[PDB]
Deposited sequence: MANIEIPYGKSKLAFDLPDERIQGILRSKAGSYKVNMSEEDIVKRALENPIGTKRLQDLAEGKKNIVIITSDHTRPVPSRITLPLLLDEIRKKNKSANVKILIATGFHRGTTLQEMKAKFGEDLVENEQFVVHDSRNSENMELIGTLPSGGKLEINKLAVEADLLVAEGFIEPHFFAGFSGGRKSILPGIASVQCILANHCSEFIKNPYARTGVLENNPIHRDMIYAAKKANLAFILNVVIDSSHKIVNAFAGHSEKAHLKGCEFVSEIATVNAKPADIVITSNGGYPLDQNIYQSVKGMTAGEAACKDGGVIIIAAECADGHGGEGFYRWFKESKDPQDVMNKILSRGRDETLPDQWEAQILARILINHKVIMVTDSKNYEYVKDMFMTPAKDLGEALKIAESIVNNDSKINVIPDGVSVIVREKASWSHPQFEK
């Protein structure tokens, strides 16, 4: 088969003989009309126009400059819907930065457009400003819950977002607008604790019994998140579907849709070849752990996962990197991280924990920019210059006849064992 594997700003072309292939596992109206249909057909609530009637302090939570939410399309339609029975509504748009540094004005202009940034009230969440946080409750796990005060003070709290798989929260969107999106840095870090990450339900496309998700769901309830609009978007960031209404029920209908498109069924193989979805999704090693998890799920214990990830920006986190650089082997990394309690979670630790989980049971070979070979070696992986060399290395480790699972885009799929 001539397989095209996303890589940086290109694709890699690889001729892999069909006899070597287990399976090649791939994921399966105007944009504005898709959005209006959702809004006009809310799942589990009244229409937003009805919810917003007579309210005097509305807050819409939106995603930040780092997320692909097509807000130039979605925000005007939400604002119009809000105003249909409340022309003089006060509406604040609160940017859910989570842990991140604040969105800059240039970034706001790029995301939302100049007129919208000017004409409406945008406020940037700062997870590090305690004065603007309010304790609102205690979570199922026992942790405190602190969120942005503006959200708490709102007469009606709304959020927008998008839905795609996520390698430990199951999916993006819905409740994530609250935790982590507008939560305190401490609450965010606690929501990534080693105990949570180790749970067997903290996996791609898994929500039920997922304790990370359980805390988020409770956070959203306690925040009185009353309505969401979540989109599903293609590679190009074009809206292809949309779900609106109850913050849980509408999110689930969207996740059900995404599960149907993204789920692939794998017979585990001795070798898996995958990628991290090309640039910008493959910009660093940190991000490439996501594609590796799709690998892990399609690989036999002790097998080899080959991942193509350009990683133009290097390792993607000093702390992430240092966990490996400073330890004996992946089991050492895991043991260190698991020794960390719920209030001791440090930035990057969860990404290291997941990569250690992979590397304890599997070898990983990274096809990556030569700038990164030493990093890859330092992280108990093996660099390769191209897919041909990667396959020769894998074959040395297993056999030169092993059937191979090919997952051309590792970050877009939910791998289910067949």
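Unmodelled regions (deposited sequence positions with no C-alpha coordinates, counted from 1) are 1, 30-36, 427-436.
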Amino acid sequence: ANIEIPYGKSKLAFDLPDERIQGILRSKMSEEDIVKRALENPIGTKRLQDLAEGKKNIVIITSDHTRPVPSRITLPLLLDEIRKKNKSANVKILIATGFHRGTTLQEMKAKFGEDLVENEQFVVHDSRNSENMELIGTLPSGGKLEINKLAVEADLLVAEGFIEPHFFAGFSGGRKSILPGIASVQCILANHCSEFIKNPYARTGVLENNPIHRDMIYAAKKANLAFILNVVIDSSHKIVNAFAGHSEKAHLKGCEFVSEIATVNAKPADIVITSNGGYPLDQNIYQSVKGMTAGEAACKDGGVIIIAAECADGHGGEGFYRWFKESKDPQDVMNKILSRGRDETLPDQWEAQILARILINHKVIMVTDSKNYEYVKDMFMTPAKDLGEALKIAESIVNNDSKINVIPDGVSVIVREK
From here on, numbers count along this sequence of modelled residues.
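372-380 and 63-71 differ in mean CA B-factor, and the higher of the two is recorded for 63-71. 149-157 and 343-351 differ in mean CA B-factor, and the higher of the two is recorded for 149-157. The residue among 143, 170, 314, 330 whose C-alpha atom has the highest B-factor in the PDB entry is 143. Out of 121, 236, 209, 287, the entry records its largest CA B-factor for 236. Among the modelled residues of the chain, residue 357 sits in the lowest third by CA temperature factor in this PDB entry. Per the PDB record, residue ranking by Cα B-factor puts residue 102 in the highest third of the chain. When the modelled residues of the chain are ordered by C-alpha B-factor, residue 404 sits in the highest third. Sort the chain's modelled residues by C-alpha temperature factor and residue 93 lands in the lowest third, per the entry. For residue 243, the recorded CA temperature factor ranks within the middle third of the chain's modelled residues.
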